[PDB]
Amino acid sequence: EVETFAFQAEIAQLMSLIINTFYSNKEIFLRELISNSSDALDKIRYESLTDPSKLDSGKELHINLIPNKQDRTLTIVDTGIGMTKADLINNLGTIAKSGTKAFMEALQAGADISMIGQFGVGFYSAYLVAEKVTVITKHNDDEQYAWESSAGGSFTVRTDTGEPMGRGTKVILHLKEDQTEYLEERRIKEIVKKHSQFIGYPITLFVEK
Ligand SMILES: S=C(NCCc1ccccn1)N[C@@H]1C[C@@H]2CC[C@H]1C2
């Protein structure tokens, strides 16, 4: 059973801008998603200091990068705090409204797309390289859910029936046909070394066989 929602008007305009603007420095999408993963790992690690039982769903705090050339997908996995159903539908888009609005004003004040993380909406930079983004997430306080959008103004949320994650978030990027360079190992390594050398959690690049 699937539910379809409309994006916030501001969010929908940001995604249409991100998709339709000719912007060449697309590699910043990885820094933003890794930075989001780092924040999610910070939150569960902090909460576990006063409640060690929050880690019963998994003690490992790490980020995995998993390219897949046959499926043309790049997947970013973290074992952070994860997201509830309310996060996916209401709360996170509500926090992001002021940031989205401010980000689009700045885009005419001279600022460029690479400053998206300074407004707390770096996640949507995934649509620089992805035609479709699937998010699998599991919070200690909710069930496992699957969020998905190909932009166009709508997204879906459903209960996920697949392999249980335990805890964390899996961002699955269905890459555009001309963006397969981000499925290459030395390209991913160069981007991580350039943008995310100072992340306080292990970032493991899964090499294909
Ligand atoms: S509101 C949003 N990103 C911005 C919030 C944020 C800021 C800093 C770190 C982490 N998260 N993303 C939401 C999560 C699912 C994917 C799209 C929607 C549903």
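According to the authors' numbering, the sequence shown is numbered sequentially starting from 16.
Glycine included, every Cβ here is placed at the ideal spot set by N, Cα and C.
| query | For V222, does the count of other Cβ atoms within 10 angstroms reach 16, so buried, or fall short, so exposed? | reply | Exposed: under 16 other Cβ atoms inside 10 Å.
| If we ignore side chains and look at the alpha-carbon of each, how far apart do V150 and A117 end up? | CA-to-CA, the gap between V150 and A117 works out to about 25 Å.
| Per DSSP, what kind of secondary structure is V144 in: helix, strand or coil? | Three-state result, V144: coil.
| task | Using 7 Å as the cut-off, classify the Cβ of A111 as near or not near the heavy atoms of ligand 1, replying yes or no. | result | Indeed, a heavy atom of ligand 1 lies less than 7 Å from the Cβ.
| If you draw a straight line from the C-alpha of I187 to the C-alpha of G125, how long is it? | Near 31 Å, if we compare the C-alpha coordinates of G125 and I187.
| field | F170 burial status per 10 Å Cβ neighbour count (16 or more: buried) | value | By the neighbour-count rule (16 or more Cβ atoms within 10 Å), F170 is buried.
| said: Can you tell me whether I91 is helix, strand or coil according to DSSP? | reply: Secondary structure of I91 (DSSP, three-state): strand.
| message | Whether or not the stretch 74-83 and the stretch 158-170 are in contact is what I'm after, with contact meaning three or more pairs of Cβ atoms, one per stretch, closer than 8 Å; do they touch? | response | At 8 Å Cβ cutoff, the stretches do not touch.
| request: May I have a chain-ordered list of the beta strand (DSSP E) segments no shorter than 3 residues that lie completely inside the stretch 17-53? | output: As far as the stretch 17-53 is concerned, its whole beta strand (DSSP E) runs of at least 3 residues are 17-21.
| So, do the stretch 144-162 and the stretch 185-202 have three or more beta carbon pairs nearer to each other than 8 Å? | The way I'd put it, the stretch 144-162 does touch the stretch 185-202; three or more beta-carbon pairs between them come closer than 8 Å.
| field | Near ligand 1: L103 beta-carbon under 7 Å from a heavy atom | value | The answer is yes for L103.
| query | Ordered along the chain, which non-local residues of its own chain (more than five positions away) have a Cβ less than 8 Å from that of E16? | reply | Correct list, in chain order: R173, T174.
| request: Pick helix, strand or coil for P82, following the three-state DSSP scheme. | output: If DSSP states are grouped into helix, strand and coil, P82 belongs with the strands.
| Spatial distance of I203 from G73 (CA atoms) | Distance between the alpha carbons of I203 and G73 is about 26 Å.
| Near ligand 1: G108 beta-carbon under 7 Å from a heavy atom | In this structure, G108 has its beta carbon less than 7 Å from a heavy atom of ligand 1.
| query | Closest by CA to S52, which one among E200, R201, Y142, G135? | reply | Closest option to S52, Cα to Cα, is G135.
| said: Let me check understanding here. Comparing Cα to Cα, which of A21, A27, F44 lies closest to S140? | reply: Comparing Cα positions, the closest option is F44.
| query | Which residue's Cα is closest to the Cα of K84: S211, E205, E196? | reply | Of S211, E205, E196, the residue nearest in Cα terms is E196.
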